[PDB]
file final34.txt (compact mmCIF, C-alpha atoms and all ligand atoms)
# COMPACT_ATOMS: atom_id res chain seq x y z
CA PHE F 1 0.00 0.00 0.00
CA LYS F 2 2.49 2.63 -1.19
CA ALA F 3 2.11 4.87 -4.26
CA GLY F 4 1.42 3.47 -7.71
CA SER F 5 1.17 4.40 -11.36
CA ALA F 6 -0.87 7.39 -12.50
CA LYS F 7 -1.46 6.56 -16.18
CA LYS F 8 -2.95 3.16 -15.40
CA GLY F 9 -4.64 5.15 -12.64
CA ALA F 10 -6.94 6.95 -15.05
CA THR F 11 -7.46 3.66 -16.90
CA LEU F 12 -8.20 1.46 -13.88
CA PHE F 13 -10.64 3.98 -12.41
CA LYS F 14 -12.18 4.31 -15.88
CA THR F 15 -12.26 0.53 -16.33
CA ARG F 16 -13.88 -0.22 -12.98
CA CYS F 17 -15.44 2.89 -11.42
CA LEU F 18 -16.45 5.52 -14.03
CA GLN F 19 -19.74 3.71 -14.69
CA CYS F 20 -20.92 4.42 -11.14
CA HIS F 21 -18.80 7.29 -9.77
CA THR F 22 -17.60 10.75 -10.67
CA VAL F 23 -15.04 12.57 -8.58
CA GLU F 24 -14.31 16.19 -9.50
CA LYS F 25 -15.52 18.83 -7.04
CA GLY F 26 -19.28 19.20 -7.35
CA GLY F 27 -19.46 16.21 -9.68
CA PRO F 28 -22.81 14.64 -10.51
CA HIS F 29 -24.13 11.63 -8.69
CA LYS F 30 -24.51 8.34 -10.54
CA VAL F 31 -25.83 4.98 -9.42
CA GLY F 32 -23.09 5.57 -6.85
CA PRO F 33 -22.27 8.81 -5.04
CA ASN F 34 -19.70 11.29 -6.22
CA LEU F 35 -16.40 10.78 -4.40
CA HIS F 36 -15.13 14.37 -4.02
CA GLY F 37 -13.02 14.31 -0.85
CA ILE F 38 -14.08 10.87 0.38
CA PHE F 39 -11.45 11.44 3.08
CA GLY F 40 -12.23 13.80 5.93
CA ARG F 41 -15.89 13.87 4.93
CA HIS F 42 -17.43 10.99 6.89
CA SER F 43 -18.41 7.85 5.01
CA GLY F 44 -21.90 7.59 3.55
CA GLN F 45 -22.23 11.38 3.90
CA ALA F 46 -22.50 12.84 0.39
CA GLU F 47 -25.22 15.47 0.12
CA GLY F 48 -27.72 15.00 -2.67
CA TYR F 49 -27.60 11.22 -2.24
CA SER F 50 -28.93 9.06 0.59
CA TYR F 51 -27.41 5.61 0.80
CA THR F 52 -28.60 2.11 1.51
CA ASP F 53 -29.00 1.40 5.21
CA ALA F 54 -25.72 -0.52 5.12
CA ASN F 55 -23.92 2.75 5.94
CA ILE F 56 -25.54 2.48 9.38
CA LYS F 57 -23.96 -0.82 10.49
CA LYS F 58 -20.39 -0.15 9.26
CA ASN F 59 -19.33 3.49 9.10
CA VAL F 60 -15.80 4.51 10.03
CA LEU F 61 -14.35 6.95 7.52
CA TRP F 62 -11.94 5.53 4.95
CA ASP F 63 -8.17 6.01 4.96
CA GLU F 64 -5.23 4.74 2.91
CA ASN F 65 -5.54 1.23 4.37
CA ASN F 66 -8.99 0.17 5.61
CA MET F 67 -10.68 1.34 2.40
CA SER F 68 -8.49 -0.99 0.31
CA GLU F 69 -10.33 -3.72 2.21
CA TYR F 70 -13.59 -2.22 0.93
CA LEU F 71 -12.41 -2.55 -2.69
CA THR F 72 -11.71 -6.24 -2.12
CA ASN F 73 -15.44 -6.97 -1.92
CA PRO F 74 -17.57 -3.82 -1.91
CA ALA F 75 -20.56 -5.97 -2.89
CA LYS F 76 -20.40 -7.67 0.52
CA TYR F 77 -21.88 -4.48 1.95
CA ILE F 78 -24.54 -3.86 -0.72
CA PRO F 79 -27.92 -5.04 0.59
CA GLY F 80 -29.70 -8.00 -0.96
CA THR F 81 -26.39 -9.56 -2.04
CA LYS F 82 -26.67 -12.30 0.58
CA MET F 83 -30.20 -13.30 -0.39
CA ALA F 84 -29.45 -13.32 -4.15
CA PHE F 85 -28.27 -16.92 -4.58
CA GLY F 86 -30.04 -18.40 -1.56
CA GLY F 87 -28.44 -16.47 1.29
CA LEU F 88 -30.19 -16.92 4.65
CA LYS F 89 -29.32 -14.32 7.27
CA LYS F 90 -31.09 -16.02 10.21
CA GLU F 91 -29.42 -19.09 11.71
CA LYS F 92 -32.79 -20.62 12.64
CA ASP F 93 -33.69 -20.37 8.94
CA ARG F 94 -30.44 -22.11 7.98
CA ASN F 95 -31.20 -24.71 10.66
CA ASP F 96 -34.69 -25.35 9.29
CA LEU F 97 -33.53 -25.41 5.67
CA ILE F 98 -30.70 -27.83 6.47
CA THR F 99 -33.13 -29.96 8.48
CA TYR F 100 -35.39 -30.21 5.42
CA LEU F 101 -32.57 -30.56 2.88
CA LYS F 102 -30.84 -33.43 4.68
CA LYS F 103 -33.95 -35.59 4.32
CA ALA F 104 -35.12 -34.33 0.93
CA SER F 105 -31.76 -34.87 -0.76
CA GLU F 106 -30.87 -38.27 0.66
CA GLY D 1 -34.95 -27.70 13.13
CA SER D 2 -38.47 -27.44 11.70
CA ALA D 3 -38.36 -29.46 8.49
CA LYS D 4 -41.80 -28.01 7.77
CA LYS D 5 -40.44 -24.46 7.82
CA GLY D 6 -37.38 -25.72 5.93
CA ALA D 7 -39.55 -27.07 3.10
CA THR D 8 -41.19 -23.66 2.69
CA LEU D 9 -37.82 -21.91 2.74
CA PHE D 10 -36.55 -24.21 0.00
CA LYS D 11 -39.65 -23.66 -2.12
CA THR D 12 -39.39 -19.89 -2.00
CA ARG D 13 -35.61 -19.47 -1.84
CA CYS D 14 -33.91 -22.38 -3.65
CA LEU D 15 -36.34 -24.18 -5.99
CA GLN D 16 -36.10 -21.41 -8.58
CA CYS D 17 -32.54 -22.68 -9.29
CA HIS D 18 -32.34 -26.20 -7.80
CA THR D 19 -34.16 -29.49 -7.79
CA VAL D 20 -33.63 -32.01 -5.01
CA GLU D 21 -35.20 -35.33 -6.08
CA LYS D 22 -33.10 -38.21 -7.38
CA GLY D 23 -32.61 -37.87 -11.13
CA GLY D 24 -34.02 -34.33 -10.97
CA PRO D 25 -32.98 -31.95 -13.77
CA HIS D 26 -30.37 -29.29 -13.47
CA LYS D 27 -31.49 -25.70 -13.66
CA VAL D 28 -29.49 -22.52 -13.22
CA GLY D 29 -27.86 -24.50 -10.35
CA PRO D 30 -27.24 -28.22 -10.02
CA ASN D 31 -29.62 -30.87 -8.77
CA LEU D 32 -28.91 -31.27 -5.06
CA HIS D 33 -29.76 -34.95 -4.63
CA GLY D 34 -27.16 -36.58 -2.41
CA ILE D 35 -25.38 -33.29 -1.68
CA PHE D 36 -24.50 -34.23 1.90
CA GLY D 37 -21.50 -36.49 2.18
CA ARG D 38 -20.32 -35.59 -1.31
CA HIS D 39 -17.81 -32.91 -2.26
CA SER D 40 -18.70 -29.56 -3.74
CA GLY D 41 -18.62 -29.40 -7.56
CA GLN D 42 -19.46 -33.08 -8.21
CA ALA D 43 -23.06 -33.36 -9.46
CA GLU D 44 -23.13 -35.43 -12.65
CA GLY D 45 -24.13 -33.55 -15.80
CA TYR D 46 -23.46 -30.07 -14.44
CA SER D 47 -20.30 -28.08 -15.09
CA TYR D 48 -19.51 -25.56 -12.36
CA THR D 49 -17.66 -22.31 -12.12
CA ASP D 50 -14.09 -22.52 -10.91
CA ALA D 51 -15.14 -21.43 -7.41
CA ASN D 52 -15.13 -24.94 -5.98
CA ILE D 53 -11.67 -25.77 -7.34
CA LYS D 54 -9.90 -23.62 -4.75
CA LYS D 55 -12.78 -23.73 -2.23
CA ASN D 56 -13.52 -27.45 -2.04
CA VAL D 57 -15.53 -28.97 0.81
CA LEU D 58 -17.13 -32.20 1.92
CA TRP D 59 -20.68 -30.98 2.51
CA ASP D 60 -21.98 -31.38 6.06
CA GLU D 61 -24.34 -29.25 8.17
CA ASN D 62 -21.58 -26.98 9.52
CA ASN D 63 -20.10 -25.83 6.19
CA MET D 64 -23.56 -25.85 4.53
CA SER D 65 -24.78 -23.41 7.16
CA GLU D 66 -21.68 -21.26 6.64
CA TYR D 67 -22.07 -21.40 2.84
CA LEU D 68 -25.77 -20.50 2.99
CA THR D 69 -25.06 -17.41 5.03
CA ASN D 70 -23.67 -16.00 1.73
CA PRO D 71 -23.44 -18.14 -1.46
CA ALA D 72 -23.07 -15.09 -3.72
CA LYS D 73 -19.56 -14.32 -2.48
CA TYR D 74 -18.43 -17.55 -4.17
CA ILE D 75 -20.07 -16.70 -7.51
CA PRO D 76 -17.16 -15.46 -9.67
CA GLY D 77 -17.54 -11.82 -10.60
CA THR D 78 -19.87 -10.77 -7.75
CA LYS D 79 -16.93 -9.09 -6.03
CA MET D 80 -15.90 -7.34 -9.26
CA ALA D 81 -19.50 -6.16 -9.75
CA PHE D 82 -19.20 -3.13 -7.48
CA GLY D 83 -15.54 -2.31 -7.98
CA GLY D 84 -13.79 -5.26 -6.41
CA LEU D 85 -10.15 -5.60 -7.42
CA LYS D 86 -8.38 -8.87 -6.68
CA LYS D 87 -4.62 -8.32 -6.72
CA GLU D 88 -3.19 -6.14 -3.95
CA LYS D 89 -0.90 -4.16 -6.23
CA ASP D 90 -4.01 -2.90 -8.10
CA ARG D 91 -5.96 -1.45 -5.17
CA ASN D 92 -2.75 0.17 -3.91
CA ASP D 93 -2.23 1.49 -7.44
CA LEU D 94 -5.59 3.27 -7.63
CA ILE D 95 -6.31 4.40 -4.08
CA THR D 96 -3.20 6.58 -4.26
CA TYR D 97 -4.91 8.36 -7.14
CA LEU D 98 -8.22 8.41 -5.24
CA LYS D 99 -6.27 10.67 -2.87
CA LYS D 100 -5.22 12.90 -5.80
CA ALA D 101 -8.64 13.30 -7.42
CA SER D 102 -10.21 14.01 -4.02
CA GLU D 103 -8.01 17.12 -3.96
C1 LIG F 201 -21.72 0.32 -9.82
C2 LIG F 201 -21.90 -1.21 -9.92
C3 LIG F 201 -20.45 0.68 -8.95
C4 LIG F 201 -19.18 0.45 -9.29
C5 LIG F 201 -18.60 -0.22 -10.55
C6 LIG F 201 -18.37 0.96 -8.19
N1 LIG F 201 -19.19 1.50 -7.21
FE1 LIG F 201 -18.64 2.34 -5.48
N2 LIG F 201 -20.55 2.50 -4.90
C7 LIG F 201 -21.65 2.20 -5.68
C8 LIG F 201 -22.84 2.44 -4.90
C9 LIG F 201 -24.26 2.20 -5.47
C10 LIG F 201 -22.47 2.87 -3.70
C11 LIG F 201 -23.35 3.26 -2.50
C12 LIG F 201 -23.65 2.15 -1.50
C13 LIG F 201 -24.73 2.45 -0.51
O1 LIG F 201 -24.77 1.77 0.55
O2 LIG F 201 -25.51 3.39 -0.85
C14 LIG F 201 -21.02 2.91 -3.68
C15 LIG F 201 -20.23 3.30 -2.61
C16 LIG F 201 -18.88 3.58 -2.71
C17 LIG F 201 -18.08 4.25 -1.72
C18 LIG F 201 -18.63 4.77 -0.38
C19 LIG F 201 -18.83 6.29 -0.49
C20 LIG F 201 -19.30 6.99 0.77
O3 LIG F 201 -20.00 8.02 0.58
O4 LIG F 201 -18.93 6.47 1.85
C21 LIG F 201 -16.83 4.34 -2.19
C22 LIG F 201 -15.59 4.96 -1.53
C23 LIG F 201 -16.82 3.72 -3.50
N3 LIG F 201 -18.09 3.26 -3.80
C24 LIG F 201 -15.73 3.61 -4.32
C25 LIG F 201 -15.68 2.88 -5.48
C26 LIG F 201 -14.49 2.62 -6.23
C27 LIG F 201 -13.09 3.17 -5.80
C28 LIG F 201 -14.85 1.88 -7.28
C29 LIG F 201 -13.90 1.34 -8.40
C30 LIG F 201 -12.97 0.27 -7.81
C31 LIG F 201 -16.27 1.64 -7.22
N4 LIG F 201 -16.75 2.27 -6.11
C32 LIG F 201 -16.99 0.92 -8.15
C33 LIG F 201 -21.60 1.74 -6.97
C34 LIG F 201 -20.49 1.33 -7.67
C1 LIG F 202 -30.02 -19.11 -8.53
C2 LIG F 202 -30.17 -17.58 -8.41
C3 LIG F 202 -29.77 -19.91 -7.17
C4 LIG F 202 -30.52 -19.87 -6.06
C5 LIG F 202 -31.79 -19.02 -5.78
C6 LIG F 202 -29.90 -20.81 -5.12
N1 LIG F 202 -28.80 -21.41 -5.70
FE1 LIG F 202 -27.57 -22.79 -4.95
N2 LIG F 202 -26.37 -22.72 -6.60
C7 LIG F 202 -26.60 -21.95 -7.71
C8 LIG F 202 -25.50 -22.12 -8.64
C9 LIG F 202 -25.44 -21.41 -10.01
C10 LIG F 202 -24.64 -22.97 -8.11
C11 LIG F 202 -23.30 -23.49 -8.64
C12 LIG F 202 -22.19 -22.48 -8.35
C13 LIG F 202 -20.86 -22.74 -9.00
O1 LIG F 202 -19.83 -22.28 -8.43
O2 LIG F 202 -20.89 -23.42 -10.06
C14 LIG F 202 -25.16 -23.34 -6.79
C15 LIG F 202 -24.58 -24.21 -5.88
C16 LIG F 202 -25.19 -24.67 -4.71
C17 LIG F 202 -24.67 -25.72 -3.81
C18 LIG F 202 -23.36 -26.47 -4.11
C19 LIG F 202 -23.70 -27.58 -5.14
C20 LIG F 202 -22.65 -28.67 -5.28
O3 LIG F 202 -21.57 -28.46 -4.70
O4 LIG F 202 -22.98 -29.68 -5.94
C21 LIG F 202 -25.54 -25.88 -2.82
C22 LIG F 202 -25.45 -26.87 -1.62
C23 LIG F 202 -26.62 -24.96 -3.05
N3 LIG F 202 -26.37 -24.21 -4.20
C24 LIG F 202 -27.73 -24.82 -2.24
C25 LIG F 202 -28.71 -23.86 -2.37
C26 LIG F 202 -29.77 -23.64 -1.43
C27 LIG F 202 -29.97 -24.54 -0.19
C28 LIG F 202 -30.47 -22.58 -1.86
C29 LIG F 202 -31.74 -21.97 -1.18
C30 LIG F 202 -31.33 -21.41 0.21
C31 LIG F 202 -29.89 -22.12 -3.08
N4 LIG F 202 -28.81 -22.92 -3.35
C32 LIG F 202 -30.37 -21.06 -3.85
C33 LIG F 202 -27.72 -21.17 -7.88
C34 LIG F 202 -28.71 -20.86 -6.98
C1 LIG F 203 -21.77 2.86 1.48
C2 LIG F 203 -21.42 1.82 2.23
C3 LIG F 203 -20.04 1.82 2.91
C4 LIG F 203 -19.97 0.68 3.98
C5 LIG F 203 -18.70 0.87 4.84
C6 LIG F 203 -17.93 -0.52 4.98
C7 LIG F 203 -16.44 -0.24 5.35
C8 LIG F 203 -15.77 -1.53 5.85
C9 LIG F 203 -14.43 -1.76 5.07
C10 LIG F 203 -13.48 -2.70 5.93
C11 LIG F 203 -13.08 -1.96 7.28
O1 LIG F 203 -13.48 -2.75 8.40
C12 LIG F 203 -12.46 -3.48 9.00
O2 LIG F 203 -12.29 -4.80 8.32
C13 LIG F 203 -13.24 -5.86 8.71
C14 LIG F 203 -14.55 -5.65 7.99
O3 LIG F 203 -15.61 -5.65 8.90
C15 LIG F 203 -13.46 -5.96 10.23
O4 LIG F 203 -13.12 -7.31 10.72
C16 LIG F 203 -13.44 -8.33 9.82
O5 LIG F 203 -12.37 -9.37 9.91
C17 LIG F 203 -12.62 -10.65 9.09
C18 LIG F 203 -11.79 -10.67 7.93
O6 LIG F 203 -10.58 -11.24 8.24
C19 LIG F 203 -14.11 -10.70 8.69
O7 LIG F 203 -14.45 -12.04 8.35
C20 LIG F 203 -15.01 -10.24 9.82
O8 LIG F 203 -16.41 -10.44 9.43
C21 LIG F 203 -14.82 -8.84 10.14
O9 LIG F 203 -15.09 -8.64 11.59
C22 LIG F 203 -12.62 -5.01 10.99
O10 LIG F 203 -13.01 -5.04 12.40
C23 LIG F 203 -12.74 -3.61 10.50
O11 LIG F 203 -11.78 -2.78 11.22
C1 LIG F 204 -20.03 -25.54 -5.76
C2 LIG F 204 -20.25 -24.24 -5.56
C3 LIG F 204 -19.82 -23.57 -4.24
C4 LIG F 204 -18.29 -23.78 -4.06
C5 LIG F 204 -17.79 -22.89 -2.91
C6 LIG F 204 -17.98 -23.66 -1.53
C7 LIG F 204 -17.57 -22.69 -0.38
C8 LIG F 204 -18.22 -23.16 0.93
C9 LIG F 204 -17.25 -22.85 2.10
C10 LIG F 204 -18.05 -22.41 3.40
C11 LIG F 204 -17.01 -22.40 4.59
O1 LIG F 204 -17.43 -23.34 5.59
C12 LIG F 204 -16.41 -23.94 6.32
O2 LIG F 204 -15.99 -25.23 5.68
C13 LIG F 204 -14.85 -25.74 6.46
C14 LIG F 204 -14.18 -26.91 5.80
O3 LIG F 204 -15.10 -27.87 5.41
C15 LIG F 204 -15.28 -26.06 7.90
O4 LIG F 204 -14.10 -26.59 8.59
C16 LIG F 204 -14.47 -27.31 9.74
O5 LIG F 204 -15.06 -28.63 9.37
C17 LIG F 204 -14.02 -29.53 8.65
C18 LIG F 204 -14.47 -30.87 8.56
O6 LIG F 204 -13.35 -31.66 8.40
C19 LIG F 204 -12.73 -29.51 9.50
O7 LIG F 204 -11.74 -28.78 8.77
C20 LIG F 204 -12.97 -28.84 10.82
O8 LIG F 204 -14.13 -29.46 11.48
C21 LIG F 204 -13.26 -27.45 10.60
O9 LIG F 204 -12.09 -26.83 9.93
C22 LIG F 204 -15.68 -24.79 8.55
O10 LIG F 204 -15.97 -24.90 10.01
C23 LIG F 204 -16.78 -24.12 7.80
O11 LIG F 204 -17.00 -22.83 8.42

call {"tool": "encode", "arguments": {"input": "final34.txt", "output": "structure tokens", "more": "lines below"}}
Ligand code: HEC
Ligand code: HEC
Ligand SMILES: C=CCCCCCCCCCO[C@@H]1O[C@H](CO)[C@@H](O[C@H]2O[C@H](CO)[C@@H](O)[C@H](O)[C@H]2O)[C@H](O)[C@H]1O
Ligand SMILES: C=CCCCCCCCCCO[C@@H]1O[C@H](CO)[C@@H](O[C@H]2O[C@H](CO)[C@@H](O)[C@H](O)[C@H]2O)[C@H](O)[C@H]1O
result
Amino acid sequence: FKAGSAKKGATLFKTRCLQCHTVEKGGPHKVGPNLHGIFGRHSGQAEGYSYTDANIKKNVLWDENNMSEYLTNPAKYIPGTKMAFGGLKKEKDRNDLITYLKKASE
Amino acid sequence: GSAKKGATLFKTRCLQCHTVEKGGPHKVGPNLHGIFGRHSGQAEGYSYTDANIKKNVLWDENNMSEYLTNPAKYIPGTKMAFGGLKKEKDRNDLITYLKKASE
């Protein structure tokens, strides 16, 4: 987590972020919020855009390090991603499903 | 465990992509007959993503319950969907700009 290239910088952010984010001061919102000064300004706190209620469980402002963890799997925090392919949040639900599945599949 | 509530969970949450009876067809996901006590990625007639190659398990109730807390994280490309980058020297490459363009 030190430095990096700038020319692939514009490319990588254009390859993987431009579709959902702008950055320049006063930039428009997209499907995702504009990122002007994402440091200092607390996380999930861009005016003109209210977030999913995931910002309420995890919200410590990003830095050079702990944000890099967010770009490993940002979808982990987007709501409905668990449920998509059969995710069950409640353990009693997983218990009941596994109870049924053990007998139905054998 | 209520198998009665489990049946209803499977009907509304899993049946859209899986069958469970012996000889059942594959759908978007594989037929689940015999899943317990076999390894991930082994249903006959279904060809899987590469997820199970490096994440291989012998299905039991412990790892099934863990898996079912979040199956999407093993679907290849779900992490990339919202800006996931795999290799460490690529996040480090582009957060150092994210500090520049903030200014
Ligand atoms: C569309 C699929 C997106 C892509 C590609 C990327 N991001 Fe994203 N991001 C998106 C949304 C819809 C949201 C909001 C989530 C919510 O709960 O409302 C976000 C959020 C962020 C944040 C948090 C900003 C804050 O105000 O705290 C950051 C820092 C962020 N996104 C950065 C980011 C980067 C660097 C990306 C390229 C690797 C990227 N996102 C891709 C939508 C999408
Ligand atoms: C479509 C949107 C799905 C829903 C809804 C559920 N599952 Fe699924 N499942 C799906 C796919 C495409 C795959 C294969 C993934 C791959 O990497 O190829 C799977 C896999 C499973 C497995 C593993 C199968 C095996 O190893 O043979 C299990 C045990 C499983 N799925 C169970 C399951 C349950 C219990 C669900 C309801 C809670 C459920 N899945 C929903 C696609 C989809
Ligand atoms: C708009 C939405 C923005 C949502 C904000 C999410 C920001 C979180 C990014 C990672 C920073 O969070 C930091 O890493 C993980 C993620 O929970 C936490 O710990 C984690 O460790 C393990 C990983 O080895 C995980 O399995 C655990 O579930 C988690 O507790 C740390 O306690 C926290 O210090
Ligand atoms: C085919 C498509 C999907 C492929 C991707 C499958 C990914 C599922 C992985 C879910 C992680 O679940 C995890 O499985 C491991 C290994 O089996 C379990 O490990 C545990 O049971 C194993 C049984 O020998 C032993 O290693 C120990 O008892 C313990 O490590 C974890 O306690 C469980 O928390």

call {"tool": "closest_residue", "arguments": {"input": "final34.txt", "among": "F:52, F:47, F:13, F:105", "to": "residue D:31", "atoms": "only C-alpha atoms"}}
result
F:105

call {"tool": "residues_near_ligand", "arguments": {"input": "final34.txt", "ligand": "ligand LIG 203 (chain F)", "cutoff": "6 Å", "atoms": "only C-alpha atoms and all ligand atoms", "output": "PyMOL selection string"}}
result
chain F and resi 44+54-55+58-59+66-67+69-70+77

call {"tool": "closest_residue", "arguments": {"input": "final34.txt", "among": "F:57, F:36, F:26, F:50", "to": "chain D", "atoms": "all atoms listed in the file"}}
result
F:36

call {"tool": "closest_atom_pairs", "arguments": {"input": "final34.txt", "of": "chain D", "to": "ligand LIG 204 (chain F)", "cutoff": "6 Å", "atoms": "all atoms listed in the file", "output": "tab-separated table"}}
result
residue	atom	partner	partner_atom	distance
D:40	CA	F:LIG204	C1	4.7
D:41	CA	F:LIG204	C1	4.5
D:51	CA	F:LIG204	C4	5.2
D:52	CA	F:LIG204	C4	3.9
D:55	CA	F:LIG204	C5	5.1
D:56	CA	F:LIG204	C6	5.9
D:57	CA	F:LIG204	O3	4.7
D:58	CA	F:LIG204	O3	5.9
D:62	CA	F:LIG204	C23	5.8
D:63	CA	F:LIG204	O1	3.7
D:66	CA	F:LIG204	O1	4.8
D:67	CA	F:LIG204	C10	4.2
D:74	CA	F:LIG204	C5	5.5

call {"tool": "atom_distance", "arguments": {"input": "final34.txt", "atom1": "atom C23 of ligand LIG 202 (chain F)", "atom2": "atom CA of residue D:77"}}
result
17.7 Å
